[PDB]
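Coordinate analysis (summary)
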Amino acid sequence: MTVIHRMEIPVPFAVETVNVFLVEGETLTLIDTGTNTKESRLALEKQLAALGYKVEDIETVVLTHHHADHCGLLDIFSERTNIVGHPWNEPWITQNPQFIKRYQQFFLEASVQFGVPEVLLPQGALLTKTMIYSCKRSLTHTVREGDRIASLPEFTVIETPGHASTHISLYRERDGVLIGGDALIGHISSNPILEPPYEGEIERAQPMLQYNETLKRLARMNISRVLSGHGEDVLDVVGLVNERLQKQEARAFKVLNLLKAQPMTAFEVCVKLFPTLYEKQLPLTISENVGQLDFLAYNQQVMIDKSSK
Ligand SMILES: [Mg+2]
Ligand SMILES: [Mg+2]
Ligand SMILES: [Mg+2]
Ligand SMILES: [Mg+2]
Ligand SMILES: [Mg+2]
Ligand SMILES: [Mg+2]
Ligand SMILES: [Mg+2]
Ligand SMILES: [Mg+2]
Ligand SMILES: [Mg+2]
Ligand SMILES: [Mg+2]
Ligand SMILES: [Mg+2]
Ligand SMILES: [Mg+2]
Ligand SMILES: [Mg+2]
Ligand SMILES: [Mg+2]
Ligand SMILES: [Mg+2]
Ligand SMILES: [Mg+2]
Ligand SMILES: [Mg+2]
Ligand SMILES: [Mg+2]
Ligand SMILES: [Mg+2]
Ligand SMILES: [Mg+2]
Ligand SMILES: [Mg+2]
Ligand SMILES: [Mg+2]
Ligand SMILES: [Mg+2]
Ligand SMILES: [Mg+2]
Ligand SMILES: [Mg+2]
Ligand SMILES: [Mg+2]
Ligand SMILES: [Mg+2]
Ligand SMILES: [Mg+2]
Ligand SMILES: [Mg+2]
Ligand SMILES: [Mg+2]
Ligand SMILES: [Mg+2]
Ligand SMILES: [Mg+2]
Ligand SMILES: [Mg+2]
Ligand SMILES: [Mg+2]
Ligand SMILES: [Mg+2]
Ligand SMILES: [Mg+2]
Ligand SMILES: [Mg+2]
Ligand SMILES: [Mg+2]
Ligand SMILES: [Mg+2]
Ligand SMILES: [Mg+2]
Ligand SMILES: [Mg+2]
Ligand SMILES: [Mg+2]
Ligand SMILES: [Mg+2]
Ligand SMILES: [Mg+2]
Ligand SMILES: [Mg+2]
Ligand SMILES: [Mg+2]
Ligand SMILES: [Mg+2]
Ligand SMILES: [Mg+2]
Ligand SMILES: [Mg+2]
Ligand SMILES: [Mg+2]
Ligand SMILES: [Mg+2]
Ligand SMILES: [Mg+2]
Ligand SMILES: [Mg+2]
Ligand SMILES: [Mg+2]
Ligand SMILES: [Mg+2]
Ligand SMILES: [Mg+2]
Ligand SMILES: [Mg+2]
Ligand SMILES: [Mg+2]
Ligand SMILES: [Zn+2]
Ligand SMILES: [Zn+2]
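Sequence-order numbering is used: residues on each chain count from 1 as written, possibly diverging from the entry numbering, and only residues with coordinates are shown. For naming, the first written chain is A and the first written ligand is 1, with later ones following in the order written. Note that the side-chain values use all heavy atoms of the structure and ignore hydrogens as well as water. Residues with missing side-chain atoms are left out of burial classes, side-chain pairs and their counts.

- In terms of determination method and resolution, the entry is listed under X-ray crystallography at 1.494 Å.

- The protein chain carries the name Paraoxonase from Bacillus sp. strain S3wahi in the PDB entry, which gives Bacillus sp. as its organism.
- Within the Protein Data Bank, this record goes by the title "Crystal structure of Paraoxonase from Bacillus sp. strain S3wahi".

**Some remarks on the packing of aromatic side chains**
- When the centres of two rings from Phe, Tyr and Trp lie within 6.5 Å, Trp using its six-membered ring, the rings pair. Their planes under 30 degrees apart give stacked, over 60 give edge-to-face, and anything left gives tilted. Evaluated as defined, the whole model comprises ten aromatic pairs.
- Arranged with centres 5.9 Å apart and planes meeting at 85 degrees, the rings of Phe267 and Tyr278 form a pair that is edge-to-face. Of this pair, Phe267 sits in helix 7 (residues 266-273) while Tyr278 sits in helix 8 (residues 277-280), and the two are eleven residues apart along the sequence.
- Exposure remark for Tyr278: the relative accessible area of 31% places this residue in the partly exposed category.
- Feature note: the residues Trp88, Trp92, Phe99, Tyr103, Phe106, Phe107 and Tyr198 constitute an aromatic cluster, connected by ring pairs. Helix and strand assignments come from DSSP, with helices taken as H or I runs of at least 4 residues and strands as E runs of at least 2, each series counted from the N terminus. Remark: exposure states derive from per-residue accessible area (1.4 Å probe, protein chains only) relative to the maximum for the residue type, with buried under 20%, exposed over 50%, and partly exposed in between.

**Thoughts on the side chain of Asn212**
- Turning to its location among the elements, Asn212 is positioned in helix 5 (residues 207-220).
- Assessed through its relative accessible area of 12%, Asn212 is described here as buried.
- Polar contacts here mean pairs of N or O atoms no more than 3.5 Å apart (in protein, one a potential hydrogen donor and the other a potential acceptor; neighbouring residues in sequence count only if both atoms are side-chain atoms). Separated by 3.0 Å, the side chains of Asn212 and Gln248 make a polar contact.
- The criterion used for residue contact is that any of the two residues' heavy atoms lie within 4.5 Å. With residues up to four places along the chain from it excluded, the contact list for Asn212 reads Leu245 and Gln248.

**Examining the pairing of strand 8 (residues 168-172)**
- Most of strand 8 is tucked away, with five of its five residues classed as buried.
- Side chains of strand 8 alternate between two faces, with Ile168, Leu170 and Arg172 and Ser169 and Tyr171 buried alike.
- Sheet topology places strand 7 (residues 155-159) next to strand 8; five bridges connect them, and they run antiparallel. In the sheet register, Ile158 faces strand 8, and the bridge partner there is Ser169.
- In this structure, strand 8 lies alongside strand 9 (residues 177-181), joined through three bridges in antiparallel fashion. Looking at the pairing, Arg172 lines up with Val177 of strand 9.
- Remark: four residues form the turn of the hairpin made by strand 8 and strand 9, two consecutive strands paired antiparallel; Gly176 in that turn has positive phi of roughly 80 degrees. Strands pair, by our definition, only if DSSP identifies at least two bridges between them.

Set out below in structure tokens:
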């Protein structure tokens, strides 16, 4: 029945490549796409051609999540193509004007709240500004926990939030294969990527706790092999999860101990945690602080505008 192929698509991010998966079944399904770049598109087209296919032959595209490396080429697919993912992808992937306005307001406010020096901010650009690597295309179909995608009958949709709010993985009960997305990556942690609140969202799960719960769920599943969004397959999910949970705990303690010595802004903690990477890249830190603020381990001296932890 199905033949699954991994295609490695170049992306202009530190991870260098994204894994996309072509499933040759009764119809042709692609899982994830690559960024909205000429380079990504050319690579996808070339690798499809070597398999004897053109973009127009793909009848279903499934998104594991809304990050640009996974959805960015959505516009290229034929008008007949089913586009399937978590429902919350929709505002991101359509670049809904109201969503974009909210996104821009959130990040401006966040920059101030976290005390990011203006010189480091995307500002103009960065060899790259923002949102520019994403698509402008709607879903045709939404999926949630336990759902089946018509073109992938042996798989079940599992909600795997944490890395992103829109994150899903595809589980094949027959042989325990998971098309994981970015929920569990072998070589690097895939910790929560900060997002704006959705319109109407009063609250979301504590993101780090959600990520950890997703990890624990995966560890309890009977998974033989994770086909990951980046890097090599994961064959020992239990082992990897245990390691990641241990590392997360250590980092949380490191943050807690940093703050005991000197109360700090998020940016200041970031510079302590990532003394080399903070100029080249910008993550996390807030995830750890927010995790500790939940769990009532750390207080925020709100007042100034630049929050003090
Ligand atoms: Mg059959
Ligand atoms: Mg192949
Ligand atoms: Mg291949
Ligand atoms: Mg390959
Ligand atoms: Mg390849
Ligand atoms: Mg054929
Ligand atoms: Mg055929
Ligand atoms: Mg045939
Ligand atoms: Mg090839
Ligand atoms: Mg190939
Ligand atoms: Mg090639
Ligand atoms: Mg083509
Ligand atoms: Mg082609
Ligand atoms: Mg074509
Ligand atoms: Mg395009
Ligand atoms: Mg469909
Ligand atoms: Mg999705
Ligand atoms: Mg919507
Ligand atoms: Mg929308
Ligand atoms: Mg978009
Ligand atoms: Mg708005
Ligand atoms: Mg702060
Ligand atoms: Mg600061
Ligand atoms: Mg921006
Ligand atoms: Mg982008
Ligand atoms: Mg465009
Ligand atoms: Mg348009
Ligand atoms: Mg559309
Ligand atoms: Mg639907
Ligand atoms: Mg269903
Ligand atoms: Mg399915
Ligand atoms: Mg379907
Ligand atoms: Mg179908
Ligand atoms: Mg995210
Ligand atoms: Mg989430
Ligand atoms: Mg299944
Ligand atoms: Mg099963
Ligand atoms: Mg996860
Ligand atoms: Mg990971
Ligand atoms: Mg991996
Ligand atoms: Mg991890
Ligand atoms: Mg982040
Ligand atoms: Mg975001
Ligand atoms: Mg995001
Ligand atoms: Mg929304
Ligand atoms: Mg929280
Ligand atoms: Mg759990
Ligand atoms: Mg498992
Ligand atoms: Mg389960
Ligand atoms: Mg790897
Ligand atoms: Mg491998
Ligand atoms: Mg492994
Ligand atoms: Mg301690
Ligand atoms: Mg500092
Ligand atoms: Mg560093
Ligand atoms: Mg975060
Ligand atoms: Mg609480
Ligand atoms: Mg607040
Ligand atoms: Zn991602
Ligand atoms: Zn990714």
